[PDB]
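Let me begin by presenting the structure, written as structure tokens, before commenting on it.
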Amino acid sequence: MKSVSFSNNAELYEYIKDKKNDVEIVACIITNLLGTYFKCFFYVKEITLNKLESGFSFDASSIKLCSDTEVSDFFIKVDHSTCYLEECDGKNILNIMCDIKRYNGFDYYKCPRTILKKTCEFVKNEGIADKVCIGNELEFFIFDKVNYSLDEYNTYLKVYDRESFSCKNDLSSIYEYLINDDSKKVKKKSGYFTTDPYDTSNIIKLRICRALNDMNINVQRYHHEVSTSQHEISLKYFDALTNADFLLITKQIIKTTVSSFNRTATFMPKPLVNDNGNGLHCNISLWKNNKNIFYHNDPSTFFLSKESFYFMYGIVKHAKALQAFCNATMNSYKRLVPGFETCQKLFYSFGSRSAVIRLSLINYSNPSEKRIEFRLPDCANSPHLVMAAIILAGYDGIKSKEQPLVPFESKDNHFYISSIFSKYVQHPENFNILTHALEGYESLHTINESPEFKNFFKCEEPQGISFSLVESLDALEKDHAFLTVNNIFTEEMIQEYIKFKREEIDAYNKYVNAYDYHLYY
Amino acid sequence: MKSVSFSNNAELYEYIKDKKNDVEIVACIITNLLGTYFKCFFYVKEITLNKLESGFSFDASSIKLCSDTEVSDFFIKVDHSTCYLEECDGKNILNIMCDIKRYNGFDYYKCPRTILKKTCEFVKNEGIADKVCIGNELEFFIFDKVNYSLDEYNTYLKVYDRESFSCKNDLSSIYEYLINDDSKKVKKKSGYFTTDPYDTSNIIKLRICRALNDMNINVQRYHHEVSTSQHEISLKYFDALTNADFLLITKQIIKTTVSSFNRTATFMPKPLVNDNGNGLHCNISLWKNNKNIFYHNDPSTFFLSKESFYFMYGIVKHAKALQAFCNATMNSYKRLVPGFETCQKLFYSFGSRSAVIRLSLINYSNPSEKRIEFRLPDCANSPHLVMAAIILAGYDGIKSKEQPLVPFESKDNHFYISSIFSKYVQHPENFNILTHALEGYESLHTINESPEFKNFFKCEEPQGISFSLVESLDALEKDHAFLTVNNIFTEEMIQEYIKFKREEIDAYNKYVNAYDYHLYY
Amino acid sequence: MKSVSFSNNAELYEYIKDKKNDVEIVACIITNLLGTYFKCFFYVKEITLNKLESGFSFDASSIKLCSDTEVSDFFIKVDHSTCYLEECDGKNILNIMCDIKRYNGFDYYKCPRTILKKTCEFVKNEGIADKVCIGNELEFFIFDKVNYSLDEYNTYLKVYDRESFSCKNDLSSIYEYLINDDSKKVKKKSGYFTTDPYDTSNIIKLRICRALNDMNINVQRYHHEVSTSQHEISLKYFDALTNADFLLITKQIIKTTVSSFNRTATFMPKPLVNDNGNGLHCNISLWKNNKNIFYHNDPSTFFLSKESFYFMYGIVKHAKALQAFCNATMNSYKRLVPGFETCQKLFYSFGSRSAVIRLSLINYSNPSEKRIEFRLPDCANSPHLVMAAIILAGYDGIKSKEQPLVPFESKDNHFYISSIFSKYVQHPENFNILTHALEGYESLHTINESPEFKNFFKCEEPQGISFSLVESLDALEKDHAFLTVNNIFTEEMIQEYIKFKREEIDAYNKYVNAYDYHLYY
């Protein structure tokens, strides 16, 4: 599973044709506007010099959200710098990330990897944020078996689990499930950091991250999580184009290495009603000339610059439009209903559990360790469309120069304001003056910086989030202006996306449940 | 599975008798007018010099469509240049393609490999197309088990599948089917390019194309297809006589390597009513002195010569007669009824899904990359009879010098005409003048070539295709004149073929279905 | 199950409201263009004087072939003279035959019982055939259980039988099937007249015809037939409007009295490929002033009048158009393929098994015992549409005055001509002069009647029958002129009927069989 790097399309063709490497098959990897993973296999002896400049013939009339009235034939453009070898049955396979194009070589408007290549090369052209470093924290469940059906008279679910105490299905029928005892099972919401007797799948995780560190997708940490059979991988920080490339490769490596142990692995938001969901924490930071944009080398603003709160409020202003892309499934709004360890309100806070963006108080003096943790997104959607919408929303927060919001740390229901933000940041609407009981970190004889401490912040009430797709798709219809800058997201791209999801809601509401018989009979 | 080449019948007898090669058995391979695969085994120590000039004794009174009133004894004529070694149980077996002859050595009129040797050596004798290069794209299903019956009271089907979500049979009875979960199954019409968790048979495909590349049947590409457990192999371009030889060897290698994994592989057109079928895309091109017949090194005709549209219209004129041979099964007309991704009309278009012949818009400037993609045929029939009927139909399009048809690209139901064909190609019947809204590929200040742009094309309505065998066999009865040139297909050959298929339709219509009880009871 | 008769709509309302009869529910019976049996239940205490002149509210937007763009509300017109009482759970139910009408009271053009009321009152208005007496001979199978399915992977049939030796299903699973021994079972094609050990359902038949003779539907004869579990009821001769009324009541009484014995009864043409089918022999005769139209009280023409052969040749001329109505199912053309005891040719003969119409040689001197036995029809279609098309075809044979055909009795393949038809009936085309070896019934010193023996008959070759629906529906499209006389069958009636059946053929040919896997794999 060793990873190989290249600089020009010619270094592929010399590496492929060399007989020492034993490379037999060259595979290509494509992605949808939805999150899917397509793959076609090409043989080495037939690849020529011409088929790398030109692309491979491909019919995309059957791939969802990839059809043009009369463009029935597309290309597959081989892109270098994202490759890794494999050993499948004693045969070596390159795996190359590959975009899809039109006949002339024009950028297809429904390719998500061509969107991230455009929005990153758009931001770099303004002298702001030549690099975007994004980290991720994947959360997945590992079930044993899953059976469902959709017949009108026989619909069912059966989730078979090995660690959960509350699954009372029997695994003796499953043809390695040797002894079924409830003594070594994890009870509900009580398995945060668990070990060998209770963590049934510890050998799988060392074989996943062996296969990821060999590929230079370096892994920062690992634990079990607050659910029965829910795990966690937190990766190293990467460039924003190679992050979304490494997220597709991670999800397929997690899926295949689990299924070689005869189990399943899922990335749904909210399976299992009475347990937690699966999120994506996107730790974002911008860089200019190997220096953080988010750092001013001063206190009372926590060493931040206004150029950082402009990036946060650009997200909080457009967050109901980002929810169309970030969580765009009917499952994901079953992740927000309860509100326990969930985002209810749309603001940024240091330690409020109901905040969407959370700022880091670990190593506040260190410039490298500065980030913005966006917690709304799911792994269900395509990672190129999500990370391009966040940058295009956050970039419209810097050019617009509107006022950011107060951090609003709320002990109970009482929203407080920190001691560093009590000093001169809101001239009008002094309403939280009763709520200022804070001492913060240790600071004595503080200095009030004059140009950073102007009104700059607005004290409004923090708004809510959309709790369904019919609220989020209508927020995208009235708020799609920050995405259409330099024609990155076209107008037809967004209309064909909202038309697809509104077919999925209508086919979802026709289906008669088993809660309909319990409730209304 | 290494392949060996020979030049004269004597180099067989020296290679067979040499003790270094350990060749123990010599096997022969025969083929029917239908697509079958016959094989007889001969031992090396008994083969002499005389038994290669003469043939082997063979009784063909029991092989279907291979009986003569009183010729009860035939020959088997060993033909060189199509051999490959094997390793079956530590024993080396030659496998030689072998024709069948009469006592004198005359060409038997019901041998399909002797028909392709005649129609290729007929075309080469007119100074036109010394070589015919044909490529193929095989599509096959891989089921797990299949049970059927034909008792009057107990007829059934049971197709057992491992990837399809909609097969709700249980595989626990089958005595490697370990865990049956619906989580790793492919839903319908949604598995175009799939991977390891969902593509259940990926190890089979690397073992097929290992066995094909060792035999110098080189494989261009591989993918899953738009059905649950339907795959695809696209091969290299070969000479037309060695293509149909390599198609029989491929179908038997696919069948045996799948069945050594305890599965079945089929080449039916339309198993499984609610999924796709299996086709043969025949990419055809002709060559003269290592130069394409289909290339004139000019634009507005897409670099084509009239000698190419003569070959296309020779097929479209005789396409209902070719359907007797190309798809001649009662299953194959269940592949045309729906019309979704199906050929409804009989014309040639660049990007119309309902066209029979599709021309390639990838690399239009390259002369090597020029072809004609005929999409009507199935793998059910014998590949020597199909590829000989296409050449004999397309050759009658060049000698006849009739006018070809307009390309007729149809956005919806509105048939348009390209900008390159709008300029001066039809003097009378200007009916599509309302439908000319096209811009094509990029071309500014175009040049109208005078001798190529005469009336040359006729604007008629594109006709339909036959949708049953009773329409196609009657089109063969009134249209068998292009096949009887130089007595290649004899008159008795076609009469005995239509008499065989009309026995198969009558025995098919007697059989009382299970749709008869649902519908009429 | 006693039958009651009435003369005016008022005698219903006095019989219903009288307390001696205990009539609690009044049921209505409607019929489709297809053969169906609809029934709605009305209570006596709510029926008033006004609801018998007006009709009952009925929605026919869901009944097949009974919908008008905007007529969503119809009537149900109660028709007297077709009633019978019942005893269901100690409650007395009238059962009245009831037509459907429009709002004004106009004759709905898609009601089959209103068509027979029109074509019988059309024939009676020309002084020809004031009465039409038609008899019938029903043939039905009695199976025990039948299971089928249409899933793409699991289609099956299972016909469970108790008398057939060749059904090798076991009836021990069926929860009165006590001992399963092959000793008391009927072998194939060998059960014509069978008895108590072998005829498993003899008690059912005495309970059917007890329920039919109580209703004054008098039964002429009963036997087993030439198949395992195939029976026969031949009824008394009735008026043509009350015959088709009594056929619907018979088929429902046969279906319910069999199903109260926990069995099934069917009227399909050809279930069970290797056994016989189910027909309708329609013995037809016309009457004028209690005298047979078909009788002239002379010999050499068998006591027939030209007015009879005009009625036969009116059927034989239009027989491919009658097949659209008489047998209009995809099953029924599985009843003609074999040709054994089947109609191959389209002529009328005294003792030819392959004749469509067979004339009676029993009691040729008796005038009452004269009839025409049409053997083409099935019980699948609606009996009002079939018997109206036969009269309208046979009436166009009398007004047209064209020549009838020769009777053409054929010993083997040699068509002979009787001694009575050898004498002077065809002046030109003397071709059967070699085939006249006949002696007939006993007749010496015969008399040649001069005005009846003119050329009168034509010697053409007897044509064939259509063997599929695509031949019969196209014969109806070019031959629908004899039905449109006095606007009985409207033009929109026939177009909407052919459009319905051509949807049924297309949905039938998509379905992939189990004979497709046996034959083409």
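Any read-out appearing in this document is the output of simple, stated calculations on the displayed coordinates, not a laboratory observation. Backbone-built Cβ (ideal geometry, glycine too); neighbour counts: all protein chains shown.
Rounded if a/c is under 1.5, else prolate if a/b beats b/c, else oblate: with a ≥ b ≥ c from the C-alpha gyration tensor eigenvalues square-rooted, which is chain C? Can you show the working numbers first?
Numbers: a/c = 1.56, a/b = 1.21, b/c = 1.29.
Here chain C falls in the oblate category.
At A:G464, label 7 Å along Cα→Cβ: distances to the other copies, nm, ascending?
5.8, 7.6
Where the centroid of each part is defined by its Cα atoms, how far is the range C:347-377 from the range B:108-163 in Å?
53
Take every DSSP beta bridge with both residues inside the protein assembly as shown and express the antiparallel ones as a percent of the total, to the nearest 5. Numbers along the way, then the final one.
Details: 162 of 189 bridges.
Approximately 85 percent, going by the DSSP bridge assignments.
To the nearest whole number, what is the average tally of beta carbon atoms from other chains within 10 Å of the beta carbons of peptide C:267-276? Walk me through the intermediate numbers first.
Details: counts 2, 6, 2, 4, 7, 3, 9, 5, 2, 0.
Averaged over the peptide's residues, the number is 4.
What are the nm distances, shortest first, from B:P367 to its equivalents in the other copies, labels at 7 Å along Cα→Cβ?
Spacings between copies for this position, smallest first, are 6.3, 9.7 nm.
FRET efficiency for B:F500 and A:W287, Cβ-Cβ distance as r, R0 = 60 Å, nearest 0.05?
Numbers: r = 76 Å, r/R0 = 1.27.
Approximately 0.20, to the nearest 0.05.
Is there a simple number for the mean count of other chain Cβ atoms within 10 Å of the Cβ of residues in B:154-163, and what is it? Show your work: numbers first, answer last.
On the way: counts 8, 11, 8, 13, 6, 7, 2, 2, 0, 0.
That average works out to 6.
222 nm [θ] for the protein assembly as shown, helices only, -39500 (n - 2.57) per DSSP H run of 4+, per residue, to 500? The partial results should precede the final answer.
Values: 36 runs with 393 residues, N = 1563.
When only DSSP H runs of four or more count, the value is -7500 deg cm²/dmol.
Mind ordering C:270-279, B:56-65 by average Cβ neighbours within 10 Å, highest first? Please report the intermediate quantities before stating the final value.
Numbers: C:270-279: 21.6, B:56-65: 14.0.
Top of the packing list down: C:270-279, B:56-65.
With the Cα gyration tensor of the range A:176-332 giving a ≥ b ≥ c as the square roots of its eigenvalues, does the rule (a/c under 1.5 for rounded; else a/b larger than b/c for prolate; else oblate) give rounded, prolate or oblate? Present the calculation step by step, with values, prior to reporting the outcome.
Numbers: a/c = 2.11, a/b = 1.80, b/c = 1.17.
In terms of gyration-tensor shape, prolate.
Highest first, please rank the peptides A:506-514, B:86-94 by the mean number of other Cβ atoms sitting within 10 Å of their residues. If you can, show how the numbers build up before the last one.
Values: A:506-514: 9.0, B:86-94: 12.6.
My ranking of the peptides, most packed first, is B:86-94, A:506-514.
Report, in whole Å, the centroid distance computed from the Cα atoms of the range A:486-503 and the range C:416-449.
A separation of 86 Å, based on Cα centres.
Output wanted: per-residue J couplings in Hz (rounded whole) for the range A:78-91, from phi through Karplus 6.51 cos²θ - 1.76 cosθ + 1.60, θ = phi - 60°, x for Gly and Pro.
The phi angles translate into 6, 10, 6, 6, 9, 9, 7, 7, 9, 10, 9, 6, x, 10 Hz.
Which value in Å does the Kirkwood hydrodynamic radius of the protein assembly as shown take, with 1/r averaged over all unlike C-alpha pairs and then inverted? Can you show the working numbers first?
Values: mean 1/r = 0.0252 Å⁻¹.
About 39.7 Å, per the Kirkwood formula over Cα pairs.
For the rotation taking A to B, I'd like to know which residue in chain A has the C-beta closest to the axis, plus that distance in Å.
Here the value is A:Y175, 11.
Using per-residue counts of other Cβ atoms within 10 Å, averaged over each peptide, order C:75-82, A:359-366, C:313-320 from highest down.
On the way: C:75-82: 19.4, A:359-366: 12.5, C:313-320: 22.8.
For the peptides C:75-82, A:359-366, C:313-320, the packing ranking is C:313-320, C:75-82, A:359-366.
Shielding by partners for A:39-48, please: the mean number of other protein chain Cβ atoms within 10 Å of each residue's Cβ.
Values: counts 8, 7, 10, 6, 10, 1, 6, 8, 1, 0.
Whole-number average of other-chain Cβ neighbours for A:39-48 is 6.
Mind pulling the per residue volume of the convex hull built on the Cα atoms of the range B:67-160? Å³ is fine. List each step's numbers first, then the result.
Working: hull volume 25.1 nm³, N = 94.
It is 267 Å³ per residue.
In nm, one decimal, shortest first: how far is the label point of A:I433 (7 Å from Cα along Cα to beta carbon) from the matching points in the other copies?
8.4, 13.4
First check a/c for the range A:7-109, with a ≥ b ≥ c the square roots of the eigenvalues of its C-alpha gyration tensor; if it is under 1.5, answer rounded, and if not, answer prolate when a/b is larger than b/c or oblate otherwise. Mind dumping the intermediate values first?
Values: a/c = 2.23, a/b = 1.66, b/c = 1.34.
Prolate shape, in that a/c is at least 1.5 and a/b is the bigger ratio.
Suppose every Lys and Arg Cβ carries +1 and every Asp and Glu Cβ carries -1, with no other charges. What dipole size does the protein assembly as shown come out with about its Cα centre, to the nearest 20 debye? Intermediate values should be presented prior to the final figure.
Numbers: 180 positive and 201 negative charges, 140 e Å.
Dipole magnitude for the protein assembly as shown comes out near 680 debye.
Could you give the nm distance between label points at B:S72 and A:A481, where each point is 7 Å from its Cα heading toward the beta carbon?
9.5
Roughly how many debye, to the nearest 20, is the charge dipole of the range C:80-210 about its Cα centre, given +1 on each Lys and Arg Cβ, -1 on each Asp and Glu Cβ, and no other charges?
Result for the range C:80-210 is approximately 380 debye, rounded to the nearest 20.
Run the quick spin-label model on B:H427 and A:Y521: label points 7 Å from Cα toward the beta carbon, then report their separation in nm to one decimal.
For B:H427 paired with A:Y521, the spin-label model returns 7.9 nm.
Provide the percentage of antiparallel DSSP beta bridges, counting only those with both residues in the range B:7-109; round to the nearest 5.
Numbers: 14 of 20 bridges.
Of the beta bridges lying entirely in the range B:7-109, close to 70 percent run antiparallel.
Just want the answer: with Cβ charges of +1 for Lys and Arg and -1 for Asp and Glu, which residue in C:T301, C:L483, C:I253 is farthest toward the dipole's positive end in chain C?
Among C:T301, C:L483, C:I253, the one farthest towards the positive end of the dipole of chain C is C:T301.
Could you list which residues have their amide H under 5 Å from that of B:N381, counting only those 5 or more apart in sequence or on another chain, with H placed in the peptide plane?
B:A328
Please compute the modelled spin-label separation between A:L178 and C:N297, points set 7 Å along Cα→Cβ, answer in nm with one decimal.
Label at C:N297, label at A:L178, 10.7 nm between them.
Where the centroid of each part is defined by its Cα atoms, how far is the range C:290-333 from the range C:174-194 in Å?
39
Based only on the alpha carbon positions, what is the Kirkwood hydrodynamic radius of the range B:222-304, in angstrom? Mind dumping the intermediate values first?
Working: mean 1/r = 0.0626 Å⁻¹.
16.0 Å is the Kirkwood radius here.
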